[PDB]
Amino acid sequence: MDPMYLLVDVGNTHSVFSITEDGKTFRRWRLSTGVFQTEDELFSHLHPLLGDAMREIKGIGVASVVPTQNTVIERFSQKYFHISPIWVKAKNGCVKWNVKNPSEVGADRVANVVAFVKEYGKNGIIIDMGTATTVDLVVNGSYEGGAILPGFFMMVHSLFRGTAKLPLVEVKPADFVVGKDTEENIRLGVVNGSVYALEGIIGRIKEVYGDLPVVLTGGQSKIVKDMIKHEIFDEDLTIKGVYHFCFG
């Protein structure tokens, strides 16, 4: 009566695997996405993590932003569970997609919007801090578009690889107004700076659309949770959206 579902969020750096028996409580694991990985390699990684739960999975739902990985997920589902996964995509129904090319919207973003409309309301701004940081706007149940920024690690890594002199700095907020050494300069510019970037984008949105609730999610969100004004902090938002899209 409470069948188990596996929800997958394939990101550029990491993939999230979650199981639920009700779509209300979720157990989560995370693995590297890994370029040339196979279906057997995925099973091998998941086996000690899911344990007994493995053989209880009755459906698999996936949001993926890495097309090359999709055949691996497909083969894994078919080989180990004798089912095909259900793929999150922008489509008509519960959300109206008021953008130029809805098919080009990343599946994670689609999942976030679906979860938002299902669980939170018809109006809101979603901030998802991952490999990239995204802003997504929903007004009266219509997706209106958003913004894409490099994520925190992407930023510090870009400064490292892209200059002769700069080191790779740890992602940690600055508790100072000006940096007094190179590492501090980078923390201020990247971490606090990205926070200000987001607050400026959100502010301009709210000028046009009013005081919408802000939800924060993503693998890199906890570090700056207390620096961005938000009404909701929901680390499971994407997985919930995968669940709602695939299994209602």
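For every residue, the number given is its place in the sequence shown, counted from 1.
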Of 128-136 and 89-97, the stretch whose C-alpha atoms average the higher B-factor in the entry: 89-97
Which of 117-125 and 103-111 has higher mean CA B factor, as the PDB entry lists it: 117-125
Say you rank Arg30, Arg187, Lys222, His45 by Cα B-factor from the PDB entry; which sits at the top? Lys222
If you compare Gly34, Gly179, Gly218, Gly200, which has the highest Cα B-factor in the entry? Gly34
Where does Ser158 sit by CA temperature factor within its chain: lowest, middle or highest third? lowest
CA B-factor placement of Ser84, once the chain's modelled residues are sorted into thirds: middle
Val10 CA temperature factor, ranked by third within the chain: lowest
Third of the chain's Cα B-factor distribution that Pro173 belongs to, per the entry: middle
Could you say whether, by C-alpha temperature factor, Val16 belongs to the lowest, middle or highest third of its chain? lowest
